[PDB]
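J.: Below: one structure in structure tokens.
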Amino acid sequence: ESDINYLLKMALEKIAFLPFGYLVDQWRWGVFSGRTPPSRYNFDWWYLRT
Amino acid sequence: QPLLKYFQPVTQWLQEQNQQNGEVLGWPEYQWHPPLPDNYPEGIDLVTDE
Ligand SMILES: *[C@@H]1O[C@H](CO)[C@@H](O[C@@H]2O[C@H](CO)[C@@H](O)[C@H](O)[C@H]2NC(C)=O)[C@H](O)[C@H]1NC(C)=O
């Protein structure tokens, strides 16, 4: 029981972050390459977030 | 380029008309969705033509 408590404590910061890190650079790659023009910054951002 | 050259007169007229009407090109507010018509499932056979 203590091990599950500790593992859920750890997974709230080491697993909830994995979508974020990939999302951040993926968006910036799209912006740099030209696939996200300045008229689609928020559209693509929130598409990646969801 | 040939496609844009072919449609040059219509696109010039459209640009002039949009600038005169003061429209914003593109669709900001990408989240907007039209509201459901009142009593939609059962009020479909009503004439609303001008
Ligand atoms: C984007 O949405 C924002 C927030 O809803 C809009 O700002 C509001 O615009 C309405 C309509 O003019 C105003 O009544 C509100 O007072 C505005 N709120 C604020 C905090 O400024 C904004 O106009 C929208 N932008 C575009 C380009 O559609």
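Quick mapping for you: the protein sequence lines, in order, are chains A and B. Counting in UniProt numbering, the first sequence runs from 448 upward without gaps. Counting in UniProt numbering, the second sequence runs from 597 upward without gaps. We treat Cβ as the ideally placed atom computed from N, Cα and C, and that holds for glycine.
#1: When every heavy atom of ligand 1 is checked, does at least one fall within less than 7 angstroms of the C-beta of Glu625(B)?
#2: Can you tell me whether DSSP reads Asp450(A) as helix, strand or coil?
#3: Starting from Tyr469(A), trace the alpha helix (DSSP H) both ways and give me its first and last residue.
#4: For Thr483(A), count neighbouring Cβ atoms within 10 angstroms of its own Cβ and tell me buried if that reaches 16, exposed if not.
#5: Do we get a CB-CB distance below 8 angstroms when we pair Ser449(A) with the residues of chain B?
T.: Straight from the coordinates:
#1: Start at 1 with the first residue of the second sequence, and residue 625(B) comes out as number 29. Checking the Cβ of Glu625(B) against ligand 1 gives yes.
#2: Along the first sequence, one-based indexing puts residue 450(A) at 3. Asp450(A): helix per DSSP, three-state reduction.
#3: The count along the first sequence starts at 1 and reaches residue 469(A) at position 22. 465-480 is the extent of the alpha helix (DSSP H) around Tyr469(A).
#4: The sequence position of residue 483(A) within the first sequence is 36, counting from 1. The residue is buried, with at least 16 neighbouring Cβ atoms inside 10 Å.
#5: Counted from its first residue, the first sequence places residue 449(A) at position 2. Chain B, which has no Cβ nearer than 8 angstroms to the Cβ of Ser449(A), makes this no.
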